[PDB]
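*Asks:* Please read through the structure below; I'll follow up with questions.
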Amino acid sequence: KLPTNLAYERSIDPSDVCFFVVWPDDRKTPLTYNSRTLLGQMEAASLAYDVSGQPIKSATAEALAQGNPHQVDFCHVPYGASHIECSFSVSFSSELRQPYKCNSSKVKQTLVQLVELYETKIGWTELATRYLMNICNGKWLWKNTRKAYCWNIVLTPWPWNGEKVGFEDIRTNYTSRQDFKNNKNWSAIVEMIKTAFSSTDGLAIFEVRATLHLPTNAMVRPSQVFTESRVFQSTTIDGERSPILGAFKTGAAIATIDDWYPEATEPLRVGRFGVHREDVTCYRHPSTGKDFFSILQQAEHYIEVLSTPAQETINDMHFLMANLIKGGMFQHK
Amino acid sequence: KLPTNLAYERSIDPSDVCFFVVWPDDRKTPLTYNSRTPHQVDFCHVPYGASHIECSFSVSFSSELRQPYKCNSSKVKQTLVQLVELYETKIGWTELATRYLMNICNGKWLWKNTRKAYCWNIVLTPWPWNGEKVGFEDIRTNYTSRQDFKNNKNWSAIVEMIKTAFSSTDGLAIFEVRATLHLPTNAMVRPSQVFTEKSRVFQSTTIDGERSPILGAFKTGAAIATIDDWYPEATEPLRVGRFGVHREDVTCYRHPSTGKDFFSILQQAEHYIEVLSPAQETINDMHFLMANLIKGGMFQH
Amino acid sequence: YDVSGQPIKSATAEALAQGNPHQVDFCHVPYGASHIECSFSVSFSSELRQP
RNA sequence: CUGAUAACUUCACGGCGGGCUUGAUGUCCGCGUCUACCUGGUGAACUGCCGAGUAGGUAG
């Protein structure tokens, strides 16, 4: 069990999202930003308190009303621009069929046989819709879909005989899961993700394009660097610096599918221990036995059962097959 | 109380302001200034022969006050969720929504550019909306008190649609705002100023290729938020902060020796569930508590 | 997980849910490029006929 | 009030000859940094005149 060397690699391969400004002349230009210094008040609680006590004659009414300088990076839409566009690419492959490094051919035959049986008994129709209902919905813009007039998505699949698949205004049209199903090209896209999870050289590639309608001089919020001041990540598009929203963050929106944890309310980022980032309580803890390492050690158990209850058996096969699509490092001594 | 990681996100989203110069022949150009010289001093004025001056920004009323952004604890979670949900019933969003809207309506966001003006008019453009452009004409001599607004044809719908934007989860309300200022000939315009930690350097942007001043996006967020007159013996409305800081004089009201700052009311959250399950001061400090959750900020020690 | 089981009870609920900062190199094809062009050289000779 | 008192170590000098470190090599697998911000010119250096003049001059 967990034979001290075992690793997979990822099946989903996104990129980073470069923003563009379109004008009413239809000509495109890259969005930019500048650094701005500002002045705020003295908000922090430790400046005028401590554990049960105000500081000793240092919290004076003249010194809590001083000027505090900060500095931010500030980005917004220029005046007169028509709308905003976004553009990345994502590709799905077949990497979960077989481990990358394995070290033991007795846990290898347990895992390869477990993926052949999953394709047959309870197939790829549940996982393929959930990754695709975050690409064709706009989870990957993350906060720019609040305070918007309208946004659209048009994607260019490969290989494909036909047209581009469009999705018009997503706040009333494409809301439920049944709304996506009535589209003209929905059964042909999910018969292209099921293939790529089932071949041995399976490959489906999508070129995803979006528009955004925001108010006048409205703000755009990309991702930030870590600083081992609100510094933005940026690349160089045609000589101009420009914010990018990152590539490890657009792959975390697509993998926001997990709602099988034992009392669900919203989808989480798929992980080994089930962390949740707003409130720092970690659901799917290793005490309850519902995390990844516990239910992987019943791999021989779940083979024989489906050779079926959608209460604990099928809900654990979805979590176990989704961590193998994420990839990683599954071992200890 | 205050378990070391708590933060809210703001619920009012103003943008920069832009100054355009309209000619008599219905042509609009950007208002450009002059620089004079390390030591650098700027000068801005209305160009001769111009009719008036236009201004346009936008603001949004969203619903990020229902739950926090990071919370760290499920005892400060369901307490602060219940306070905003009980304030919706017993008090209502009426007394806050009217105060935020009037500072948008009566040109308060034009700081010192209304002094020595003949007439100015302000036109809203709400969304989602079935109807007409909303007008407020000759504001100095027609709209001066809470009651002149309440006689308007379109005040029952714009106090509304903000009340729903705080009450309903995933709510939204967006206002486009336009103003026209009839200033005298060769009149001075007063934009915002760059900090320059130690003069009068303007905050500029590029509109149609040539530079133009902005009057800031944090500057126009301060003007809408001046609704605070519940500090004791209040004579003038202040900007909503944690310690009631006044800017012109460098004192501050609301000091923790008084017992009326935010951190000595936020700790008393369980006390106020009992009375709301009282119209003297238990109401008049929840207007300060609600205006801090609409503001945002990290609340942690 | 300590050795084989019985998890080490210092990694509590919120202890697992912090970050883990790292640093990697990153290479990508820039926006608006056409294609990526590779080149090397290889040579064959007779070095096996005698030691 | 000194193991006390006094004290010239000097002249001359060729290290040299010769020299192949070599053969072979896959560092890899996974990754959300984020929340909140006022810089404060009161009225203040005003009005003519010549010249075609966004140049130039000239008044109290």
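By convention in this document, the chains of the structure tokens carry letters A, B, ... by their order, each chain's residues are numbered from 1, and ligands are numbered from 1 in the order they are shown.
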Near chain C, which residues of chain B fall within 12 Å when you count only C-alpha atoms, and what do they look like as a list in words?

*Replies:* residues 5, 71, 72 and 73 of chain B

*Asks:* Could you give me, as CSV, a per-residue list for chain A showing, wherever an atom lies at most 6 Å from an atom of chain B, the closest pair of atoms and their distance in Å to one decimal, using only C-alpha atoms and sorting by chain then residue number from low to high?

*Replies:*
residue,atom,partner,partner_atom,distance
A:61,CA,B:252,CA,5.4
A:62,CA,B:251,CA,5.1
A:65,CA,B:250,CA,5.7
A:217,CA,B:15,CA,5.9
A:278,CA,B:70,CA,4.6
A:279,CA,B:72,CA,5.0
A:280,CA,B:72,CA,5.4

*Asks:* Looking at only C-alpha atoms (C1' of nucleotides), which of C:51, C:13, C:39, C:44 is the one that sits closest to chain D?

*Replies:*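 Of the candidates, the smallest distance to chain D is held by C:51.
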
*Asks:* Using DSSP on the backbone coordinates, identify all residues within stretch 81-301 of chain B classified as helix (DSSP H, G or I); present the result as a PyMOL selection string.

*Replies:* chain B and resi 81-90+94-105+139-142+146-150+163-167+219-224+263-266+271-276+286-293

*Asks:* Could you give me, as CSV, a per-residue list for chain D showing, wherever an atom lies at most 10 Å from an atom of chain C, the closest pair of atoms and their distance in Å to one decimal, using only C-alpha atoms (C1' of nucleotides) and sorting by chain then residue number from low to high?

*Replies:*
residue,atom,partner,partner_atom,distance
D:31,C1',C:22,CA,8.5
D:32,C1',C:19,CA,9.7
D:33,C1',C:19,CA,8.3

*Asks:* Residues near residue D:60, anyone? I mean within 12 Å using only C-alpha atoms (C1' of nucleotides), not counting same-chain ones fewer than 2 positions away, as a list in words.

*Replies:*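 Within the cut-off, the hits are residues 46, 47 and 48 of chain D.
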
*Asks:* May I ask you to extract the residues of chain C within 12 Å of chain A, using only C-alpha atoms, and to give them as a VMD selection string?

*Replies:* chain C and resid 1 to 9 11 to 24 26 to 33

*Asks:* Would you export the selected residues with C-alpha atoms as an mmCIF file, in the first residue's frame, please?

*Replies:*
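Heads up, here's the output in result-v4.cif:
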data_model
loop_
_atom_site.group_PDB
_atom_site.id
_atom_site.type_symbol
_atom_site.label_atom_id
_atom_site.label_comp_id
_atom_site.auth_asym_id
_atom_site.auth_seq_id
_atom_site.Cartn_x
_atom_site.Cartn_y
_atom_site.Cartn_z
ATOM 1 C CA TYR C 1 -0.018 10.304 8.226
ATOM 2 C CA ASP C 2 2.740 9.282 10.635
ATOM 3 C CA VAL C 3 4.299 5.994 9.462
ATOM 4 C CA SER C 4 1.519 3.599 8.426
ATOM 5 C CA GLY C 5 -1.559 5.196 9.960
ATOM 6 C CA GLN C 6 -2.933 6.946 13.062
ATOM 7 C CA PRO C 7 -2.529 10.548 11.811
ATOM 8 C CA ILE C 8 -0.143 12.874 13.627
ATOM 9 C CA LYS C 9 -2.448 14.992 15.786
ATOM 10 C CA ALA C 11 -2.037 18.729 11.726
ATOM 11 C CA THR C 12 -5.522 19.874 12.712
ATOM 12 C CA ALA C 13 -8.399 20.973 10.477
ATOM 13 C CA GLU C 14 -7.298 24.537 9.740
ATOM 14 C CA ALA C 15 -3.619 23.542 9.903
ATOM 15 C CA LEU C 16 -3.990 21.674 6.611
ATOM 16 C CA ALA C 17 -5.805 24.563 4.919
ATOM 17 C CA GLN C 18 -3.037 27.158 4.670
ATOM 18 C CA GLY C 19 -0.907 27.771 1.598
ATOM 19 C CA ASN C 20 2.401 26.326 0.490
ATOM 20 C CA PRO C 21 4.431 28.813 -1.575
ATOM 21 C CA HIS C 22 6.956 27.598 -4.127
ATOM 22 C CA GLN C 23 8.889 28.764 -7.166
ATOM 23 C CA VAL C 24 9.212 27.151 -10.595
ATOM 24 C CA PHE C 26 7.895 28.741 -16.682
ATOM 25 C CA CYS C 27 8.166 28.721 -20.473
ATOM 26 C CA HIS C 28 5.329 29.379 -22.898
ATOM 27 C CA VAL C 29 4.707 30.280 -26.537
ATOM 28 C CA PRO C 30 3.857 34.015 -26.678
ATOM 29 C CA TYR C 31 0.622 35.439 -28.018
ATOM 30 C CA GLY C 32 0.384 35.806 -31.767
ATOM 31 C CA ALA C 33 3.276 33.534 -32.686
#

*Asks:* Check every residue of chain A for an atom within 6 Å of chain D, counting only C-alpha atoms (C1' of nucleotides), and provide those that qualify as a list in words.

*Replies:* residues 7, 40, 226, 249 and 328 of chain A

*Asks:* Restricting the calculation to only C-alpha atoms (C1' of nucleotides): of B:210, B:248, B:261, B:88, which residue gets closest to chain D?

*Replies:* B:248

*Asks:* For residue A:131, which residue out of A:308, A:92, A:72, A:48 is the nearest one, using only C-alpha atoms?

*Replies:*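 With only C-alpha atoms as the atom set, the closest residue is A:92.
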
*Asks:* Got a sec: who's within 12 Å of residue A:239, counting only C-alpha atoms (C1' of nucleotides), leaving out chain neighbours fewer than 5 positions off, as a short mmCIF file (atom, residue, chain, number, x, y, z; two decimals) with N, CA and C atoms, in the first residue's frame?

*Replies:*
data_model
loop_
_atom_site.label_atom_id
_atom_site.label_comp_id
_atom_site.auth_asym_id
_atom_site.auth_seq_id
_atom_site.Cartn_x
_atom_site.Cartn_y
_atom_site.Cartn_z
N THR A 29 -6.45 46.36 -29.05
CA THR A 29 -5.26 46.83 -28.35
C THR A 29 -5.17 46.15 -26.99
N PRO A 30 -3.96 45.86 -26.51
CA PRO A 30 -3.83 45.22 -25.19
C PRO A 30 -4.13 46.19 -24.06
N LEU A 31 -4.82 45.67 -23.05
CA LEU A 31 -5.08 46.41 -21.82
C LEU A 31 -3.79 46.62 -21.05
N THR A 32 -3.70 47.74 -20.32
CA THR A 32 -2.52 48.08 -19.52
C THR A 32 -2.94 48.49 -18.12
N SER A 234 2.07 39.82 -15.10
CA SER A 234 2.02 40.41 -16.43
C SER A 234 2.98 39.69 -17.37
N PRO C 30 4.52 32.72 -26.87
CA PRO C 30 3.86 34.01 -26.68
C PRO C 30 2.64 34.17 -27.57
N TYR C 31 1.86 35.21 -27.28
CA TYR C 31 0.62 35.44 -28.02
C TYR C 31 0.92 35.94 -29.42
#

*Asks:* Restricting the calculation to only C-alpha atoms (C1' of nucleotides), which member of B:185, B:235, B:11, B:98 is positioned closest to chain D?

*Replies:* B:11

*Asks:* Which value, in Å to one decimal, gives the distance between atom CA of residue B:136 and atom CA of residue B:111?

*Replies:* 18.0 Å

*Asks:* Residues within 12 Å of stretch 112-125 of chain A, please, as a PyMOL selection string. Count only C-alpha atoms (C1' of nucleotides); anything in the same chain fewer than 5 positions from it doesn't count.

*Replies:* chain A and resi 94-100+102+105-107+130-132+187+189-200+296+298-310+313-318+320-322+324-325

*Asks:* Mind checking which residues fall within 12 Å of residue A:221, counting only C-alpha atoms (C1' of nucleotides), ignoring those fewer than 2 positions away in the same chain, and posting them as a PDB file with N, CA, C and O atoms (P, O5', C5', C4', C3', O3' and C1' of nucleotides), in the first residue's frame?

*Replies:*
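Okay, this is what ended up in result-v5.pdb:
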ATOM      1  N   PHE A  19      -5.973  39.693 -21.720  1.00  0.00           N
ATOM      2  CA  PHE A  19      -7.080  40.616 -21.941  1.00  0.00           C
ATOM      3  C   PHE A  19      -6.788  41.553 -23.103  1.00  0.00           C
ATOM      4  O   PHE A  19      -5.656  41.998 -23.286  1.00  0.00           O
ATOM      5  N   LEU A  31      -4.820  45.670 -23.045  1.00  0.00           N
ATOM      6  CA  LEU A  31      -5.084  46.412 -21.822  1.00  0.00           C
ATOM      7  C   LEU A  31      -3.786  46.624 -21.052  1.00  0.00           C
ATOM      8  O   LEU A  31      -2.862  45.817 -21.135  1.00  0.00           O
ATOM      9  N   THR A  32      -3.701  47.736 -20.320  1.00  0.00           N
ATOM     10  CA  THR A  32      -2.523  48.077 -19.525  1.00  0.00           C
ATOM     11  C   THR A  32      -2.943  48.487 -18.118  1.00  0.00           C
ATOM     12  O   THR A  32      -4.124  48.482 -17.773  1.00  0.00           O
ATOM     13  N   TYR A  33      -1.958  48.849 -17.300  1.00  0.00           N
ATOM     14  CA  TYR A  33      -2.218  49.340 -15.957  1.00  0.00           C
ATOM     15  C   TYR A  33      -1.059  50.226 -15.535  1.00  0.00           C
ATOM     16  O   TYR A  33       0.003  50.233 -16.157  1.00  0.00           O
ATOM     17  N   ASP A  73      -1.335  48.859  -7.602  1.00  0.00           N
ATOM     18  CA  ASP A  73      -1.466  48.824  -9.052  1.00  0.00           C
ATOM     19  C   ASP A  73      -2.941  48.933  -9.400  1.00  0.00           C
ATOM     20  O   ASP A  73      -3.781  48.287  -8.770  1.00  0.00           O
ATOM     21  N   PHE A  74      -3.255  49.734 -10.411  1.00  0.00           N
ATOM     22  CA  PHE A  74      -4.639  50.055 -10.722  1.00  0.00           C
ATOM     23  C   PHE A  74      -4.888  49.822 -12.205  1.00  0.00           C
ATOM     24  O   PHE A  74      -4.159  50.354 -13.048  1.00  0.00           O
ATOM     25  N   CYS A  75      -5.913  49.036 -12.519  1.00  0.00           N
ATOM     26  CA  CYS A  75      -6.281  48.724 -13.892  1.00  0.00           C
ATOM     27  C   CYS A  75      -7.761  49.009 -14.090  1.00  0.00           C
ATOM     28  O   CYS A  75      -8.569  48.731 -13.204  1.00  0.00           O
ATOM     29  N   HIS A  76      -8.113  49.566 -15.246  1.00  0.00           N
ATOM     30  CA  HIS A  76      -9.509  49.835 -15.568  1.00  0.00           C
ATOM     31  C   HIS A  76      -9.667  49.931 -17.079  1.00  0.00           C
ATOM     32  O   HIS A  76      -8.690  50.014 -17.825  1.00  0.00           O
ATOM     33  N   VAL A  77     -10.918  49.932 -17.515  1.00  0.00           N
ATOM     34  CA  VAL A  77     -11.244  50.019 -18.941  1.00  0.00           C
ATOM     35  C   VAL A  77     -11.092  51.471 -19.387  1.00  0.00           C
ATOM     36  O   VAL A  77     -11.543  52.375 -18.670  1.00  0.00           O
ATOM     37  N   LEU A 141     -13.211  33.598 -15.179  1.00  0.00           N
ATOM     38  CA  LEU A 141     -12.990  35.035 -15.066  1.00  0.00           C
ATOM     39  C   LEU A 141     -13.051  35.525 -13.627  1.00  0.00           C
ATOM     40  O   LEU A 141     -12.546  36.613 -13.331  1.00  0.00           O
ATOM     41  N   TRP A 142     -13.726  34.763 -12.776  1.00  0.00           N
ATOM     42  CA  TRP A 142     -13.753  34.720 -11.317  1.00  0.00           C
ATOM     43  C   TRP A 142     -14.443  35.858 -10.585  1.00  0.00           C
ATOM     44  O   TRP A 142     -15.149  35.592  -9.611  1.00  0.00           O
ATOM     45  N   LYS A 143     -14.349  37.097 -11.066  1.00  0.00           N
ATOM     46  CA  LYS A 143     -14.961  38.214 -10.346  1.00  0.00           C
ATOM     47  C   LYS A 143     -15.411  39.299 -11.309  1.00  0.00           C
ATOM     48  O   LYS A 143     -16.063  40.265 -10.907  1.00  0.00           O
ATOM     49  N   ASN A 144     -15.064  39.148 -12.579  1.00  0.00           N
ATOM     50  CA  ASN A 144     -15.426  40.107 -13.605  1.00  0.00           C
ATOM     51  C   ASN A 144     -16.819  39.863 -14.152  1.00  0.00           C
ATOM     52  O   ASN A 144     -17.261  40.595 -15.040  1.00  0.00           O
ATOM     53  N   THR A 145     -17.512  38.851 -13.646  1.00  0.00           N
ATOM     54  CA  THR A 145     -18.871  38.564 -14.054  1.00  0.00           C
ATOM     55  C   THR A 145     -19.902  39.095 -13.070  1.00  0.00           C
ATOM     56  O   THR A 145     -21.093  39.096 -13.384  1.00  0.00           O
ATOM     57  N   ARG A 146     -19.479  39.544 -11.894  1.00  0.00           N
ATOM     58  CA  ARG A 146     -20.268  40.523 -11.173  1.00  0.00           C
ATOM     59  C   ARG A 146     -20.100  41.857 -11.876  1.00  0.00           C
ATOM     60  O   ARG A 146     -19.055  42.119 -12.480  1.00  0.00           O
ATOM     61  N   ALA A 218     -14.923  51.040 -15.787  1.00  0.00           N
ATOM     62  CA  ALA A 218     -15.025  50.011 -14.770  1.00  0.00           C
ATOM     63  C   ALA A 218     -13.703  49.276 -14.614  1.00  0.00           C
ATOM     64  O   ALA A 218     -12.819  49.342 -15.468  1.00  0.00           O
ATOM     65  N   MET A 219     -13.585  48.551 -13.515  1.00  0.00           N
ATOM     66  CA  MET A 219     -12.323  47.977 -13.083  1.00  0.00           C
ATOM     67  C   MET A 219     -12.215  46.518 -13.520  1.00  0.00           C
ATOM     68  O   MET A 219     -13.210  45.794 -13.587  1.00  0.00           O
ATOM     69  N   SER A 223      -4.970  38.409 -11.497  1.00  0.00           N
ATOM     70  CA  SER A 223      -4.303  37.742 -10.390  1.00  0.00           C
ATOM     71  C   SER A 223      -3.027  38.474  -9.996  1.00  0.00           C
ATOM     72  O   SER A 223      -2.493  39.296 -10.741  1.00  0.00           O
ATOM     73  N   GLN A 224      -2.533  38.143  -8.805  1.00  0.00           N
ATOM     74  CA  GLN A 224      -1.486  38.896  -8.135  1.00  0.00           C
ATOM     75  C   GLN A 224      -0.279  38.009  -7.860  1.00  0.00           C
ATOM     76  O   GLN A 224      -0.411  36.794  -7.718  1.00  0.00           O
ATOM     77  N   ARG A 230      -0.244  45.144  -3.806  1.00  0.00           N
ATOM     78  CA  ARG A 230      -1.138  44.655  -4.862  1.00  0.00           C
ATOM     79  C   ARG A 230      -0.445  44.680  -6.229  1.00  0.00           C
ATOM     80  O   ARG A 230      -0.772  45.462  -7.114  1.00  0.00           O
ATOM     81  N   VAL A 231       0.566  43.833  -6.355  1.00  0.00           N
ATOM     82  CA  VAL A 231       1.343  43.732  -7.585  1.00  0.00           C
ATOM     83  C   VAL A 231       0.667  42.725  -8.504  1.00  0.00           C
ATOM     84  O   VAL A 231       0.250  41.656  -8.057  1.00  0.00           O
ATOM     85  N   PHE A 232       0.552  43.062  -9.787  1.00  0.00           N
ATOM     86  CA  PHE A 232      -0.137  42.234 -10.768  1.00  0.00           C
ATOM     87  C   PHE A 232       0.847  41.376 -11.554  1.00  0.00           C
ATOM     88  O   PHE A 232       1.985  41.779 -11.805  1.00  0.00           O
ATOM     89  N   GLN A 233       0.396  40.191 -11.956  1.00  0.00           N
ATOM     90  CA  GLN A 233       1.170  39.390 -12.893  1.00  0.00           C
ATOM     91  C   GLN A 233       1.025  39.975 -14.288  1.00  0.00           C
ATOM     92  O   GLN A 233      -0.012  40.540 -14.636  1.00  0.00           O
ATOM     93  N   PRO A 243      -1.829  42.633 -18.061  1.00  0.00           N
ATOM     94  CA  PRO A 243      -2.140  41.609 -17.054  1.00  0.00           C
ATOM     95  C   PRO A 243      -2.770  40.357 -17.651  1.00  0.00           C
ATOM     96  O   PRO A 243      -3.406  40.398 -18.705  1.00  0.00           O
ATOM     97  N   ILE A 244      -2.598  39.223 -16.955  1.00  0.00           N
ATOM     98  CA  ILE A 244      -2.779  37.920 -17.601  1.00  0.00           C
ATOM     99  C   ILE A 244      -3.693  36.915 -16.909  1.00  0.00           C
ATOM    100  O   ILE A 244      -3.942  35.848 -17.479  1.00  0.00           O
ATOM    101  N   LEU A 245      -4.058  37.136 -15.644  1.00  0.00           N
ATOM    102  CA  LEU A 245      -4.927  36.238 -14.861  1.00  0.00           C
ATOM    103  C   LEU A 245      -4.361  34.817 -14.643  1.00  0.00           C
ATOM    104  O   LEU A 245      -4.996  33.984 -13.993  1.00  0.00           O
ATOM    105  N   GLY A 246      -3.145  34.534 -15.116  1.00  0.00           N
ATOM    106  CA  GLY A 246      -2.412  33.352 -14.711  1.00  0.00           C
ATOM    107  C   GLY A 246      -2.890  32.076 -15.370  1.00  0.00           C
ATOM    108  O   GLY A 246      -3.937  32.017 -16.006  1.00  0.00           O
TER     109      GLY A 246
ATOM    110  P     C D  34      -4.983  35.826  -6.255  1.00  0.00           P
ATOM    111  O5'   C D  34      -5.861  36.185  -4.983  1.00  0.00           O
ATOM    112  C5'   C D  34      -6.372  37.495  -4.773  1.00  0.00           C
ATOM    113  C4'   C D  34      -6.778  37.666  -3.333  1.00  0.00           C
ATOM    114  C3'   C D  34      -7.095  39.069  -2.847  1.00  0.00           C
ATOM    115  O3'   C D  34      -8.396  39.500  -3.199  1.00  0.00           O
ATOM    116  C1'   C D  34      -5.775  37.909  -1.247  1.00  0.00           C
TER     117        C D  34
END
